[PDB]
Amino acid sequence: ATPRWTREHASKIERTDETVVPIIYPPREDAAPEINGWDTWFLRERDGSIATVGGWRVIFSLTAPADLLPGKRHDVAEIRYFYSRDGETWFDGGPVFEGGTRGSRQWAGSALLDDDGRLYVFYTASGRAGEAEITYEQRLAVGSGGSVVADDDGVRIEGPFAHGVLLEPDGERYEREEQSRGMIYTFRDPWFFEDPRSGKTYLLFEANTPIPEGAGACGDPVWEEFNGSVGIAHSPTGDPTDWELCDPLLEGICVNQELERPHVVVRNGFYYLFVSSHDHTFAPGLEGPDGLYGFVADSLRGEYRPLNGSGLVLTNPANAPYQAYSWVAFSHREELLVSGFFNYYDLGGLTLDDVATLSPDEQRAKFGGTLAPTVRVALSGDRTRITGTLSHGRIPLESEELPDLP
C-alpha cells in the first residue's frame, strides 16, 4: 500500500506568489571560474547536522570543465569538494577521489562524517569503469575510509579511499534497466539518513517501480511508463556500508518518471520528504514545472500527503523557468533553507532542446554552474511559503543568525 502522488494531485500544480523564487543574476566572483558545478550536497554528521571540522564546513559538487558544452557535462562528472569558515566564501579543494572510482562517471550522492571519524562519501556510479561507449547503468556506491584533516589554512580530504557498490535494483520492488519501458530507468542519488526517533539507519534513493505489461494499473497504457518512486534501504547494524532494500516510501505512478535527489527534513515530529523534478518527465495530461516538490507525514515510512495540495513547494518564475535546479532542504532554527544550483538562464523564449542547436559559446554563456541564492521558506503544516533569499550559496550553521525579513 505504498503512498501515491496521484494524478488528482498533479492536476492542481500551479505557480503562485508563495512558490516562485526571485530572479537569479550571475554572481560577482566564482570560487573556480575554470570549472562548472552542479548537484551539490553537504558533509553532515550522523544526526543530520552540517558537519564542522576545526571550524570548517565541507560541501561536494558534481563538476565538469567549463570548456565543455553543458549538454554533455553529465558524461564526465567528477566529485569535487569545497570548504568554508563562514558559509559564503568557499575555497576549491580539488577532486575528492584519486581514481579507483566506481562507474564511468559519478553522479550525486551524500556525505557522512561518522562518530568514529571515518568519512563515507555516497555517490552514484553511472556506467562501468573504462567502457567502450557510454552506458546509463546506475548503482549506489560508497567511497569509505576517508580522512578529513583541518589546520588553520584549509581542509584536506585524504586517502586511502575504498570504493564498492552498495545497492543495485532487485527487479521486484525497484525496476531494472532491462525492465525499463519509456524513458531510461533510474537508480541513483543515495542520501544517508538516521531517523532521530527510532535511531534506525536508512539510505534513501531515487528508483523506479516495475509495472508489468498490461497490468492495467493505470487508465492509459502509456501512463504506466512513468513510474518514479523514492526507494529506501535499511541498515540493521547501522554500518554505513551494510544495507538491505525496503519497500519504497512514495510512488508517482502515472505522474512522473524522475523523482530526483530525495531527502527528508524532520521538523518538530513531522517528516518532510522533498524531491526535485523536471517538467519534461511528467506523464501526458499533466503540466508541472521544474521544481522542488514535497510531502509530509508523521513517521518516516508513513502515509505521505503532498504539500500545498499539489505537491509544488518551490519553483522558478515563468520568464526564467530553468534558472535553478537540484534543490536540497535543511533546517535552520525555525526556517527551512533550500540550496540549489544556477542552471540555465537568459534563454529568452527557447526550450532546452533548442539550446543544443546554438553555437558552443552561446550555449556556455547560458549556463551558470554556480550556487543559487539560498531560499528561505517557512513550513506551517502541509503548507509552505517562500519568505526570502540569502547570498549566493550561503550555507549557515544553526550557530549563526540570518538577516531579518520584511
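When you see a residue number, it is the position in the sequence shown, counting from 1.
Of the two stretches examined, 220-228 and 326-334, the record assigns the greater average C-alpha temperature factor to 220-228. Stretch comparison (354-362 versus 374-382) by mean CA B-factor in the PDB entry places 354-362 on top.
Looking only at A125, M183, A283, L312, the residue with the top Cα B factor in the deposited structure is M183. As recorded in the PDB entry, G349 shows the highest C-alpha B-factor of the residues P65, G349, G48, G368.
Among the modelled residues of the chain, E168 sits in the lowest third by CA temperature factor in this PDB entry.
Compared with the other modelled residues of the chain, the Cα B-factor recorded for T40 ranks in the middle third. When all modelled residues of the chain are sorted by CA temperature factor, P317 is found within the middle third.
Among the modelled residues of its chain, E258 has a C-alpha B-factor that falls in the highest third according to the deposited record. The deposited CA B-factor of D290 belongs to the middle third of values across its chain.
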